[PDB]
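Reviewing the structure listed below.
Methodologically, a virtual Cβ is constructed for each residue, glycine included, from the backbone with ideal geometry; neighbour enumeration extends over all protein chains shown. Read-outs throughout are calculated quantities, based only on the coordinates presented, and are distinct from any laboratory measurement.
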Ligand SMILES: *[C@@H]1O[C@H](CO)[C@@H](O[C@@H]2O[C@H](CO)[C@@H](O[C@@H]3O[C@H](CO[C@H]4O[C@H](CO[C@H]5O[C@H](CO)[C@@H](O)[C@H](O)[C@@H]5O)[C@@H](O)[C@H](O[C@H]5O[C@H](CO)[C@@H](O)[C@H](O)[C@@H]5O)[C@@H]4O)[C@@H](O)[C@H](O[C@H]4O[C@H](CO)[C@@H](O)[C@H](O)[C@@H]4O[C@H]4O[C@H](CO)[C@@H](O)[C@H](O)[C@@H]4O)[C@@H]3O)[C@H](O)[C@H]2NC(C)=O)[C@H](O)[C@H]1NC(C)=O
Ligand SMILES: *[C@@H]1O[C@H](CO)[C@@H](O[C@@H]2O[C@H](CO)[C@@H](O[C@@H]3O[C@H](CO[C@H]4O[C@H](CO[C@H]5O[C@H](CO)[C@@H](O)[C@H](O)[C@@H]5O)[C@@H](O)[C@H](O[C@H]5O[C@H](CO)[C@@H](O)[C@H](O)[C@@H]5O)[C@@H]4O)[C@@H](O)[C@H](O[C@H]4O[C@H](CO)[C@@H](O)[C@H](O)[C@@H]4O[C@H]4O[C@H](CO)[C@@H](O)[C@H](O)[C@@H]4O)[C@@H]3O)[C@H](O)[C@H]2NC(C)=O)[C@H](O)[C@H]1NC(C)=O
Ligand SMILES: *[C@@H]1O[C@H](CO)[C@@H](O[C@@H]2O[C@H](CO)[C@@H](O[C@@H]3O[C@H](CO[C@H]4O[C@H](CO[C@H]5O[C@H](CO)[C@@H](O)[C@H](O)[C@@H]5O)[C@@H](O)[C@H](O[C@H]5O[C@H](CO)[C@@H](O)[C@H](O)[C@@H]5O)[C@@H]4O)[C@@H](O)[C@H](O[C@H]4O[C@H](CO)[C@@H](O)[C@H](O)[C@@H]4O[C@H]4O[C@H](CO)[C@@H](O)[C@H](O)[C@@H]4O)[C@@H]3O)[C@H](O)[C@H]2NC(C)=O)[C@H](O)[C@H]1NC(C)=O
Ligand SMILES: *[C@@H]1O[C@H](CO[C@@H]2O[C@@H](C)[C@@H](O)[C@@H](O)[C@@H]2O)[C@@H](O[C@@H]2O[C@H](CO)[C@@H](O[C@@H]3O[C@H](CO)[C@@H](O)[C@H](O)[C@@H]3O)[C@H](O)[C@H]2NC(C)=O)[C@H](O)[C@H]1NC(C)=O
Ligand SMILES: *[C@@H]1O[C@H](CO[C@@H]2O[C@@H](C)[C@@H](O)[C@@H](O)[C@@H]2O)[C@@H](O[C@@H]2O[C@H](CO)[C@@H](O[C@@H]3O[C@H](CO)[C@@H](O)[C@H](O)[C@@H]3O)[C@H](O)[C@H]2NC(C)=O)[C@H](O)[C@H]1NC(C)=O
Ligand SMILES: *[C@@H]1O[C@H](CO)[C@@H](O[C@@H]2O[C@H](CO)[C@@H](O[C@@H]3O[C@H](CO)[C@@H](O)[C@H](O)[C@@H]3O)[C@H](O)[C@H]2NC(C)=O)[C@H](O)[C@H]1NC(C)=O
Ligand SMILES: *[C@@H]1O[C@H](CO)[C@@H](O[C@@H]2O[C@H](CO)[C@@H](O[C@@H]3O[C@H](CO)[C@@H](O)[C@H](O)[C@@H]3O)[C@H](O)[C@H]2NC(C)=O)[C@H](O)[C@H]1NC(C)=O
Ligand SMILES: *[C@@H]1O[C@H](CO)[C@@H](O[C@@H]2O[C@H](CO)[C@@H](O[C@@H]3O[C@H](CO)[C@@H](O)[C@H](O)[C@@H]3O)[C@H](O)[C@H]2NC(C)=O)[C@H](O)[C@H]1NC(C)=O
Ligand SMILES: *[C@@H]1O[C@H](CO)[C@@H](O[C@@H]2O[C@H](CO)[C@@H](O)[C@H](O)[C@H]2NC(C)=O)[C@H](O)[C@H]1NC(C)=O
Ligand SMILES: *[C@@H]1O[C@H](CO)[C@@H](O[C@@H]2O[C@H](CO)[C@@H](O)[C@H](O)[C@H]2NC(C)=O)[C@H](O)[C@H]1NC(C)=O
Ligand SMILES: *[C@@H]1O[C@H](CO)[C@@H](O[C@@H]2O[C@H](CO)[C@@H](O)[C@H](O)[C@H]2NC(C)=O)[C@H](O)[C@H]1NC(C)=O
Ligand SMILES: *[C@@H]1O[C@H](CO)[C@@H](O[C@@H]2O[C@H](CO)[C@@H](O)[C@H](O)[C@H]2NC(C)=O)[C@H](O)[C@H]1NC(C)=O
Ligand SMILES: *[C@@H]1O[C@H](CO)[C@@H](O[C@@H]2O[C@H](CO)[C@@H](O)[C@H](O)[C@H]2NC(C)=O)[C@H](O)[C@H]1NC(C)=O
Ligand SMILES: [Ca+2]
Ligand SMILES: [Ca+2]
Ligand SMILES: [Ca+2]
C-alpha cells in the first residue's frame, strides 16, 4: 500500500567527509520512520527510529531529519567501516510495514 | 543476554513445506511481537508476519497469507514459523526479529512496529538436487 | 405490554435536525465525570438512553492516565437517560470491553464481552439477570457491534466476529429470545470482512452496514432473515465511498459485490440507509484522518455503482474539529419509523499531547420531513487550560 | 389522562405571597452548579419545573469565563423539579440558544432554536422525540418567548419573530398538535414590535404581553384565537408604564393603540394581566437600570389611558439589588386558575467586574386571596469572596 | 404480589460467568465515595441491590483515619441498586455494626445490631418501620450472617450467635413473620462453632454453610426446617477444605461430623453448595492469607470424606491480589433457581501501610449452563498515588 522511494541508488565519497541519504513516502507517515544499516554477510541493524533518535550502537556522527512525507539521514566524517547498504522503513499504524529498496555506500579511496 | 537464536539451514523439494524456529537466549519472552523478515539473493528486505508471544495474536503479509502460519511456546521460549507449497523463488535468508510493539488496539491498530534486534538468519533453498 | 415489531413504513426524510448534546469534556474541567469511548444510543418505548464503555475512572483522577487501551479488566457498560452526563451516580450494567444493547418491548437485553484476548467470554443479561454465555470460537479477540441490536416479535439478533483484522475472520449471527441463544448462522455471500456493524429494522427483516478493515473502502452490507435464520451479503454500490481512509471523490470507485481495493486497510465505524434507489450516508470530511463530519444523499447510490450525483449536504462538525465513531438508531413515530444518528467527539491522546487522558463527548441528530438551516456543533473543550 | 382546557374562572387575587427560591449563586461558591440565564417556570398537572438555558459549563470552571454572549453552539435547555438547584445530575432536553416549553395534559412540548445567526433552525420535540422543524424566514436571528407556551384542547401556541430589533420585524404565531405544525398566522393589529412575549390562558383564547425594543415604553398586547387562528394586537393603556428604560411616573404617558414614543428604544421581558378594568403588573423599581422589583394594581389601567391611581404595592427586591427578566405562569386550583410569577436575579459581568462569569438565581411568588406582610428576597451572594 | 417460595428446581451449573464490578477504590481517588467493609448482595423480584456497613465517613475525609475497627457508634447499613457506587446520595437504612437483609416477595426485612459490646440490641425493621427487638442473651458481642437471610411462604430465618470466638458459644435460629419474632430454636447436631453463615433456599427447607473459628478448617453445615422449626448440623465431607488458614491439599483431611482439628483456629466467611453427591465451592488461592480466589467442583465431595478429585477450576482473582469475605445468593429464573456469588476486595491498613484507611471494592459472578473462557478481575487501585 504505502510505497517507500529511497535515493540516491548508489553513493560513493572519500573518507573524512560528510555523506547524505534521502527517503520519501507515497503518503504522510507522521514521523513513523526508521533506518537500518546492513554490513556484508550479516543481519540488518537498527540505526535510527521515529526519524529523530539513534540506537545504542551508533554515535553523534549519525543524524536523522524530516517529517510527514520526506526524510533524510546524514553521516559525518565517513570511515572504512561505513561501506554498507542502508534501508528506510515506515510503521504508520497498519500493515504492511514496507521497506525502501535501499542505498549502497562504497568508499572512494586512493 | 536476551538475543535470539535460530534453527540451521535446509534444502526442500518443490511443493514441500519448511519449519524455521527462533528462541530467546535470556528466557525473557515478554509480549513484544516476534516477526519474520526474508532477504532473497541480491534483493531488498520483505516482512512476512509475526506473533505476540503471550497474548498470541498472529499476523501475515498478503502475499504469504495462504502459505504461512505462526505459533509460539513460552516453555521452550521459542517461536515456530511454517512455510508451505515451496517453489525455487522462496530460496532466501529468513531472519526472526523482535519488534518495539507489544499491544494491538481493535480500532487504532499497532504502534512502534520497528525491529530492534535480529537473529542470525536461516538459509532455506528449494531444489530437486541432492 | 407487547414485543416490538417495527411494521410501520419509513418516514419521508429531507435531511437531519439537531436533537441532543452532552458537553462531557467542558463539564469535566470542574466536576466528577466518567472517562469513556465507543458510545451509542438506544430507546425503549417511552424514552432514549445513552450508553458508553467506561475506563473504570473519573477524568480529574490519577487513574485517568494511559486510558488509550481498548481492553482492560476494569471496563464496564455505563447507562443514563439521553442528555444526563456520566456523573458518579451513573449505573454500571455489566463488565465489558465490547457490547451491544436493545429493548424487545418488554425488557432490556445486554450483550457483554470480557476476559483474556485469546479466551474471552460473552454474557447475555436479560431483565436484570444473566441468562446465557458463550466462549471465543477462534481464540482471537471475540467482538460485537458497539451499537444497538434489533428485536422483532421477541427474537433479538446480534453480529459477532472472532479472528484477524487484516485477513479472513469468523463472523456469526446469533438469534436470542429472552436472553437464551436459540440459533446461530455463519456469514454468507460476497462480504469478505465484517466489523462493528450498524443495524436497522427493515420489516420483515433486519439490515446492517459494517466496517471492512482488510480490503474495502466501500462498506459491506448484511441482510438477515428472522423467520428462517438465512443470511446474504454485498457492498454499498455508491461511487462516493463511506470509509476512512479512502481516495478523493475525483478518483474513488466502488463495486456492488467486491471490496474496491482502494485504500482498503483500516477503517472507521459508520452508517448508511436505503431510500428507494437513493442512499443517505455520513462520513468524515477529511479523507485520511477522523476530522469533521458531513451527511448527504447520493442519487441511485444504492443500485448504480457509477453514480456520484450528491444533494442535500449538511456539515455536522466542521473540518478543523475531531470526530470518531458514528451509528444509526431507529425511533417509532405515530405513523412511520424515523432514522437518527450519533457522532463520537474524541479528544486527548494520542493526537492531543496537552493531556494524559483520552475521552469523548457526543452529539445527536434526527431525520426531519420539514426544513432546516446550517451550523457546526463541535466538542468545544479547551485542553490547553483544563487538567492534564 | 385528557388534554388541558383551563375553562375555570380566574382566582380573586389581593396580592402575592412567597412560593420558592433557588440560592444557586450562594451554593456555587462550594459545589458543582451550572452557569445559566433566561430562566422560566412551567407546571404539569401534578408539579412545577424550573427551566434555564445553560452555557455548557459549571460556575467554578475555566469554561465559565466570557459567559456573557447569548448565542453559542454549546447552549442547552436544562430541566429540574422546582426547588432542586442545577447540579451535575440535571437533564439537558435539547440544543438551544432560545426556547419555550409547555405540557398539553398528556406530554411535554419543547421548542428549541439553534444554528447560524443568518440560517437558524427551530426543532419541535414532543413526548421525548423530534416531530417537526422549520427554518429562519427573514435570515436575521429567529427567536421565541423564553417562557412557557400555552395549550388548549391539545393545540399549543407559540410566538416567533425574525428580523431587526430597531426596525420593522416579521412575527408569526404557530399552532402545534403533538409536535406537528398544523397552522401559521402573521401578526395583525396596531402592535409595531413584538419580542419575548409572556402568555396566559384566558379561555376560550390566549393572551400575551410583550417587549417593544423599537418605539414603545408601554407594553404590546396580542390576543390569539385557538378556534379560527385569528390574531389582534394593541398596547397596555395604564399611565404607569412597565418597560425599562422609561420616563418617571410624574411625566410618563401611554396610548391604547400606539407606542408612546417615550424612551422607546431597548426594553426588558415583563408581564401584566387584566382584572376587570384594573391591571396587575410588575416592573424594575429604578427607571433606567435593572435594579429592584415592585408589583401593584392600577385602577382602570386596562381601559383608561390617563389613569395613574395605584394600590396594593409590594417590594419583591429592594432598589439596591439587581433584577432581570420576569414572567407569568398559571396554576390550576380546585375551583379557579391562579396567576404566579418569577424574577431572574442576574449577577456578575458586565456590571460586577469582581468576577469573570455572568449567571442568575431565581425567586417565585403566587397570587393569594388571603393576607400578607413585607420583606425583600435578593440573590444574597458575596462576589467579593467567592471564585473569580 | 405473593410471598416467595423458591419451589423451582436448581439450574444445571457448568461454571460461573462475570455479572458485575463496582470500581469503588479507583473512583474514590477523585470523587465522594463512602468507606465500607462486610458487603453483600440480595435481590427483589425485579432487580439486585448491593449492601455494606459504612464507617460513617467518605474516603477523602479526616474521619477516614483508623477505619479498621469493626464496632463503633457511627456504622450504618448502606443500600444501592447493584452497580451504582456508594456516592453521597446513598440511603442509610439503619444503625448497625452487624446485619442481614432479605425480601419476602412483598417487602424488605432488615436485621440491625448495635450498642455496647456486653449489652447489644437487635432491631427488626420491615416495610420501612421498626416492628420488634431483642437483647444479647450471653452478654458477649451479639452477631449475625453479614449476608442475605432466606424467606419461604412469608417466614424468614436468620442465624444469630452470642459468646466466645475461641470456645463454646450460644447460637440460635430466629423465625420472623413481617418483622415479628414468632419462634426461636437453639443450635443442635454435631456443629461445635457457627459464625457468619451463608444460606440458600433448598425447598422445602433452608441450608447454610458457615465459619468455625474454634477447631475446624472444614466448614460446618446447618439444615433448617421451616414447617416444624427443627435444626440439624454436620460438616462438609470434601478432603479439599474451604477455610483459611488450612493445610495444603497434599496433606489436608476432613470428617462428615467433626471439626478436622487441622489449623482450626480463626477463619474467613465463605460458601459451598450441593450438586447431587458433588460439591461446588470457592476459596482463597493462598492457604495462610486472604490472597487470590478460585472456584471448583469436587466429585462426591458432599458425601465421601476421602475425595480430592477436582474439575472445572476457575481463577476469579489471581494469587498476587487481595480478597476477603465471599457469599452465595440465589436468583429465580423462568424454570430453575440459579446460584451466584460475590467477593469482597479489601485494600489499605493493616497490610498496606501506604494509606491510613481500610476499605473494599466488589466483583460478582453467576452460574451458567453454557460455556466460558478465562481472566482475572482484581481491585485495580494504585495506593502509591491516591490520598493517604
Ligand atoms: C441555509 O440552509 C440551507 C439548508 O441547510 C442551505 O441549503 C442547502 O445547501 C447545500 C449547499 O451545499 C445544498 O447541497 C448541495 O446540492 C448540490 C446539488 O444541487 C444543486 O445542483 C443540482 C443540479 O444542477 C445541475 O443540473 C440542473 C438541471 O437539473 C441545471 O439547471 C444546473 O445548471 C446544473 O447543471 C440542482 O438540481 C439543484 O437545484 C435544486 O436546489 C436549489 C437550491 O440549492 C433550488 O433553487 C432548485 O429549485 C432545486 O430544488 C441545485 O442547484 C450539490 O452539487 C452540492 O455538492 C457539491 O457541493 C459541496 C459544497 O457545497 C461539495 O463539498 C461537494 O463535494 C459537491 O461538490 C462537487 O460536486 C459538484 C456537483 O455536485 C461539482 O460542481 C463541484 O465542483 C464538486 O466536484 C450539495 O450536495 C442543499 O441541497 C441545500 N439544501 C436545501 C434543502 O435546500 C443553504 O445553503 C443555507 N444558506 C446559507 C447562506 O447558509
Ligand atoms: C405590613 O404588611 C402590609 C401588607 O403588605 C402593609 O400594607 C400595605 O401597604 C402599602 C403601602 O405602600 C399599601 O399600598 C399603597 O396604597 C396606596 C393607596 O391606598 C391609600 O390611599 C387610598 C385612596 O385614598 C384617597 O381616597 C379615599 C377615599 O376612597 C380618601 O379617604 C383619602 O383621603 C384619599 O383622598 C385609600 O383608599 C387607602 O385606604 C385603604 O388602605 C389602608 C391601608 O393602607 C387602610 O387603612 C384603609 O382602611 C383602607 O382600607 C389608602 O389610604 C398608594 O398610594 C401607594 O402608592 C404610593 O406609595 C408608594 C410607597 O408607599 C410609592 O412608592 C408609590 O409611588 C405611590 O406614591 C405616589 O402616589 C401617591 C398616590 O398614589 C402619592 O400620594 C405620592 O406622592 C406618590 O406620587 C401604595 O400602592 C398597601 O395597599 C397595603 N396593603 C394592604 C393589602 O393593606 C403594611 O405597610 C406593612 N406594615 C408595615 C409596618 O410595614
Ligand atoms: C479457556 O477457557 C476454558 C474454560 O474455562 C479452559 O478450560 C478449563 O480448564 C481447566 C484447567 O484447570 C479445567 O479444570 C481442571 O480439570 C482437571 C480435571 O479434568 C481433567 O482430568 C480428568 C481426569 O483425567 C484422568 O483420568 C482420565 C480417564 O478418565 C485419563 O485419561 C487421564 O490421563 C487422567 O488420568 C479428565 O476426565 C478431564 O477430561 C475432560 O476435560 C477436558 C478439558 O479439560 C476435555 O478435553 C475432555 O474431553 C474431558 O471432557 C480432564 O483432562 C483438574 O485436574 C484440574 O485441577 C488441577 O489443576 C489445577 C491447575 O490447572 C491445579 O491448580 C489444581 O490444584 C489441580 O492440580 C492438582 O490435582 C491434579 C489432578 O487433579 C494433579 O495432577 C496436580 O499435580 C495437582 O496435585 C482442574 O480442575 C476445566 O475443567 C476446563 N473447563 C472446561 C469447562 O473445559 C481452558 O483451559 C482455557 N484455555 C486457555 C488457553 O486459557
Ligand atoms: C375545547 O374542547 C371542548 C370539548 O372538550 C375537549 O375534548 C374532549 C374529547 C376532552 O379531551 C376534553 O378534556 C377537552 O377539553 C369544546 O366544547 C365542546 O364544543 C362543541 C362545539 O361547540 C360541542 O358540540 C356539541 O356536542 C353535543 C353533544 O355533547 C352535540 O349534540 C352537538 O350537536 C354538538 O356537536 C360540545 O358539546 C362541547 N363540549 C362541552 C363539554 O362543552 C370547546 O368548545 C373547545 N374550546 C376551545 C377554545 O377549543
Ligand atoms: C408453602 O405454602 C404453600 C401454599 O402457597 C403459599 O400460600 C399462598 C396463599 C401464597 O402466599 C403462595 O405464594 C405461597 O407459596 C404450601 O403448598 C400446599 O401444600 C399442601 C401440602 O402438600 C397442599 O395441601 C393440600 O391442599 C388441598 C387444597 O388445595 C387440600 O384439599 C388437601 O387436603 C391438602 O391440604 C396444598 O395443596 C399446597 N398448596 C398449593 C397452592 O399448591 C406449601 O406446603 C408450603 N411449603 C413450605 C415449605 O412451607
Ligand atoms: C405489530 O404490532 C402492533 C402493536 O404495536 C400491532 O398493531 C395492533 O393491531 C391490531 C389489529 O389491527 C389492533 O387491534 C384492533 O384495534 C381496533 C382499534 O382500536 C379495535 O377496535 C379492535 O377491536 C382491535 O383491538 C391494535 O389496535 C394495533 N395497535 C396499534 C397500537 O396500532 C400490529 O398488528 C403488528 N403488526 C403485524 C404485521 O403483525
Ligand atoms: C374541560 O375539562 C374538564 C375536565 O378537566 C371537563 O369536565 C368534565 O366533564 C365531563 C363531561 O361532562 C364530566 O363527566 C361526567 O361527570 C358526572 C359527575 O361525576 C358523571 O355522572 C357523568 O356520567 C360523567 O362522567 C367530568 O366529571 C368533568 N370533570 C370534572 C373534574 O368536573 C370539562 O367539561 C371541560 N370543559 C369544556 C368547556 O369542555
Ligand atoms: C410457589 O409460588 C408460585 C407463584 O410464585 C406458585 O405458582 C402459581 O400457582 C398457581 C396454582 O397452581 C397457578 O395458578 C394456576 O395456573 C394455571 C396455569 O396458568 C391456570 O390454568 C389455573 O387456572 C391457575 O390460575 C399460577 O399460575 C402459578 N404461577 C406461576 C407464575 O406459575 C406455586 O404454586 C407455589 N408453589 C408451591 C409448592 O406451592
Ligand atoms: C484526487 O486524487 C488524485 C490522485 O492522487 C490527485 O492527482 C494527483 O495530484 C497531485 C497534485 O495534488 C499530482 O502531484 C499527481 O501527479 C496527481 N496524480 C496523478 C496520477 O495524476 C488529484 O489531484 C486529487 N484531486 C484533488 C482535487 O485533490
Ligand atoms: C486532512 O487532515 C490531515 C490530518 O489531520 C491534514 O494534514 C495535516 O496538515 C497540517 C497542515 O495543515 C500538517 O501540519 C500536518 O502534519 C498534517 N498531518 C498529517 C498526518 O499529514 C490535511 O491538511 C487535511 N487535508 C484536507 C484536504 O482536508
Ligand atoms: C421627573 O422627570 C422630570 C423631567 O426630566 C424631572 O424634571 C427635571 O428636574 C430637574 C431637577 O432635578 C430640572 O433641572 C429640570 O429642569 C426638570 N425638567 C423639566 C422639563 O422641567 C423631574 O425632576 C422628575 N421628577 C421625579 C420625582 O423624579
Ligand atoms: C504440603 O504440606 C507438607 C506438610 O507441611 C509439606 O511438607 C514439609 O515441607 C517442608 C518444606 O516446605 C519440609 O521442610 C518438611 O520437612 C516437610 N514435612 C513433612 C512432614 O514432610 C509439603 O512440602 C507441602 N507441599 C506443598 C506442595 O505445599
Ligand atoms: C501465601 O501468602 C503469603 C502471605 O501473603 C506469602 O508470603 C509472602 O512471601 C514473600 C516471599 O515469597 C515474602 O517476601 C513476604 O514477606 C510474605 N508475606 C507475608 C505477609 O508474610 C506466600 O509467599 C504465599 N505462598 C504461597 C505458596 O502461595
Ligand atoms: Ca477499509
Ligand atoms: Ca421599549
Ligand atoms: Ca477455622
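When you check residue E:183 against the structure, is it surrounded by fewer than 18 Cβ atoms within 10 Å (Cβ to Cβ) and within 30 Å of residue E:11 (Cβ to Cβ), yes or no?
no
Report the residue count in the range C:344-388 for those that are more than 13 Å from chain D (Cβ to nearest Cβ) and not in a loop (DSSP other than H, G, I, E, B).
7
Looking at residue C:159, is it farther than 29 Å from residue E:43 by Cα, touching a strand residue (DSSP E or B) at 6+ places or on another chain (Cβ under 7 Å) and more than 14 Å from every other protein chain (Cβ to nearest Cβ)?
yes
Inspect the range E:30-51 for any residue being free of Cβ contacts under 8 Å to residues at least 24 places away in the same chain and either closer than 13 Å to residue E:83 by Cα or away from ligand 4 (no atom under 16 Å from the Cβ) (or both) and give the result as yes or no.
Among the residues of the range E:30-51, at least one is free of Cβ contacts under 8 Å to residues at least 24 places away in the same chain and either closer than 13 Å to residue E:83 by Cα or away from ligand 4 (no atom under 16 Å from the Cβ) (or both), which makes the answer yes.
Any residue at all in the range D:72-80 that's away from chain C (no Cβ under 13 Å), surrounded by fewer than 22 Cβ atoms within 10 Å (Cβ to Cβ), touching a strand residue (DSSP E or B) at 6+ places or on another chain (Cβ under 7 Å) and over 15 Å from residue D:357 (Cβ atoms)?
No, there is no match, as no residue in the range D:72-80 is away from chain C (no Cβ under 13 Å), surrounded by fewer than 22 Cβ atoms within 10 Å (Cβ to Cβ), touching a strand residue (DSSP E or B) at 6+ places or on another chain (Cβ under 7 Å) and over 15 Å from residue D:357 (Cβ atoms).
Which residue, of D:72, D:36, is part of a strand (DSSP E or B) and either within 16 Å of ligand 10 (Cβ to nearest atom) or under 24 Å from residue D:196 (Cα atoms) (or both)?
Just a single option satisfies the conditions, and that option is D:36.
Tell me, please, whether a residue that is over 23 Å from residue C:315 (Cβ atoms), buried (at least 24 other Cβ atoms within 10 Å of the Cβ) and more than 19 Å from the chain's Cα centre (by Cα) can be found in the range C:5-18.
No, the range C:5-18 has no match at all.
Among the residues of the range C:39-69, which ones are within 14 Å of chain E (Cβ to nearest Cβ) and part of a loop (DSSP other than H, G, I, E, B)?
If the condition is that a residue be within 14 Å of chain E (Cβ to nearest Cβ) and part of a loop (DSSP other than H, G, I, E, B), then C:59, C:60, C:61, C:65, C:66, C:67, C:69 are the ones that fit.
Restricting attention to the range D:75-102, report how many residues are assigned to a loop (DSSP other than H, G, I, E, B), out of contact with any helix residue (DSSP H, G or I) (no Cβ under 8 Å at 6 or more places or on another chain), over 19 Å from residue D:142 (Cβ atoms) and free of Cβ contacts under 8 Å to residues at least 60 places away in the same chain.
The qualifying residues number 3.
Condition (residue is away from chain A (no Cβ under 12 Å) and under 12 Å from the mean Cα position of the chain (by Cα)) applied to the range B:82-104: is it met by at least one residue?
To start, the set of residues in the range B:82-104 that are away from chain A (no Cβ under 12 Å) comprises B:82-92, B:102-103.
The next check asks that each one be under 12 Å from the mean Cα position of the chain (by Cα); those that pass are B:82-83.
Scanning the range B:82-104, I find at least one residue that is away from chain A (no Cβ under 12 Å) and under 12 Å from the mean Cα position of the chain (by Cα), so the answer is yes.
Given the residues E:268, E:331, E:279, E:315, which is the only one that is more than 16 Å from ligand 15 (Cβ to nearest atom), within 20 Å of residue E:16 (Cβ to Cβ) and not in a strand (DSSP E or B)?
E:268
Within the range A:44-80, work out how many residues are more than 10 Å from the chain's Cα centre (by Cα), free of Cβ contacts under 8 Å to residues at least 24 places away in the same chain and either surrounded by fewer than 14 Cβ atoms within 10 Å (Cβ to Cβ) or not in a strand (DSSP E or B) (or both).
Selection size over the range A:44-80: 10.
Taking the range E:21-33 as the region of interest, how many residues are part of a loop (DSSP other than H, G, I, E, B) and touching a helix residue (DSSP H, G or I) at 6+ places or on another chain (Cβ under 7 Å)?
1
At negative phi, buried (at least 18 other Cβ atoms within 10 Å of the Cβ) and more than 16 Å from ligand 3 (Cβ to nearest atom), is that true of residue E:49?
yes
Mind listing whichever residues of the range B:40-57 are within 12 Å of chain A (Cβ to nearest Cβ) and either part of a loop (DSSP other than H, G, I, E, B) or within 22 Å of residue B:78 (Cβ to Cβ) (or both)?
Listed by number, the residues that qualify are B:42, B:43, B:44, B:47, B:48, B:49, B:50.
Could we say that residue C:110 is touching a helix residue (DSSP H, G or I) at 6+ places or on another chain (Cβ under 6 Å), crowded, with 22+ Cβ neighbours inside 10 Å and either under 22 Å from residue E:29 (Cβ atoms) or more than 7 Å from every other protein chain (Cβ to nearest Cβ) (or both) here?
Answer is no for this residue.
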